[PDB]
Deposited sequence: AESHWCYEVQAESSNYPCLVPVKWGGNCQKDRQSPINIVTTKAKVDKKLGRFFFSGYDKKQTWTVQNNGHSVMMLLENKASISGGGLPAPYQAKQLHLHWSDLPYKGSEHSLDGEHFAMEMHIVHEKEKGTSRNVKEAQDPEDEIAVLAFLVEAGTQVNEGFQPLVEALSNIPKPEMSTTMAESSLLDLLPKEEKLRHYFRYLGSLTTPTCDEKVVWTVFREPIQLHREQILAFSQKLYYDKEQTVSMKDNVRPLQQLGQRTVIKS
């Protein structure tokens, strides 16, 4: 490529040339890409999609959180894992990160029935393989975030940490907190959508089994704004981190199923 990959907002907000999403390389131009719009009434029920088992999600830890230049990322270091959820194996948690905007009607990568949410949180896990790379090497759990007036206390350790990592490659330690602190109530997580796709940043490898939960996380408008107010794409701090969102891709001949 002739320059570093970026999101559209970065190219629009700076005179420094970068490669916008439609121009991304790697596998980004192949035909099983993510994110997608989900028509919820067209997704077929698959009874084999049962409940998830979240392991290590309840435990209070002091997570390392970092600005990687295109998101904020918690390092999960195999300290959590998942099974069930119609998955073919257990998966080890690697990192958690987010995509957002600063307007309530956009910020998520996926849309449900043409509606974008204020943020989307991705928990990235790796497959525990056997002897028999695969289409489902990575399991990403996607949670949509709806802006409101409810202060989400569970999110405060993360939101407070943001002031400490404004620039790329900066890391800090979050106050004691659990992954469940960040999620909707567990019982609400029985309803989710499932399809096979890609990572949503270069090289956009087609190795992700996606889960998009129906239940949104409720976050106060100003907790969401704290992301774009405190974070930057560059050490120069010329472009606030927001609209770190890949445009919608075509489902093509794929099928979306639901629990």
Stretches with no C-alpha atoms in the model, relative to the deposited sequence starting at 1 = 133-139
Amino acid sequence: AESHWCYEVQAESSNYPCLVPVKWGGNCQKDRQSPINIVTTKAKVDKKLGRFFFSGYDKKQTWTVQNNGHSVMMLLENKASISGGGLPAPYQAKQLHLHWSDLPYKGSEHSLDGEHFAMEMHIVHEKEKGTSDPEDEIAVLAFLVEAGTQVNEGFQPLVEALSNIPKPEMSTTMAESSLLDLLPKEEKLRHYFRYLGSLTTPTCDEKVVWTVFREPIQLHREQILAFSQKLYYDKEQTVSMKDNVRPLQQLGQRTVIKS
From here on, numbers count along this sequence of modelled residues.
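Definition used throughout: the rigid core is the maximal C-alpha set that superposes within 1.5 Å between two forms.
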More shifted region, core-based fit in 8 other deposited structures of this protein, 96-104 vs 121-129 by CA | 121-129
With the rigid core as the fit anchor, does 230-238 or 202-210 show bigger C-alpha shifts in 8 other deposited structures of this protein?
-> 230-238
Between 185-193 and 141-149, which has the larger average Cα B-factor in the PDB entry?
-> 185-193
Segment of higher mean CA temperature factor, 242-250 or 8-16 | 8-16
Could you say which of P216, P35, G69, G56 has its CA atom at the highest B factor, as listed in the PDB entry?
-> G56
Among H97, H110, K129, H125, which residue carries the highest C-alpha B-factor recorded in the PDB entry?
-> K129
Chain-wide C-alpha B factor ranking for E176, given as lowest, middle or highest third | highest
Among modelled residues of the same chain, the CA temperature factor third for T203 | middle
Divide the modelled residues of the chain into thirds by Cα B-factor and specify which third, lowest, middle or highest, holds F52.
-> middle
Sorting the chain's modelled residues by C-alpha B-factor and splitting them into thirds places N78 in the highest
Tell me, lowest, middle or highest third: where does the Cα B factor of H220 rank within its chain?
-> middle
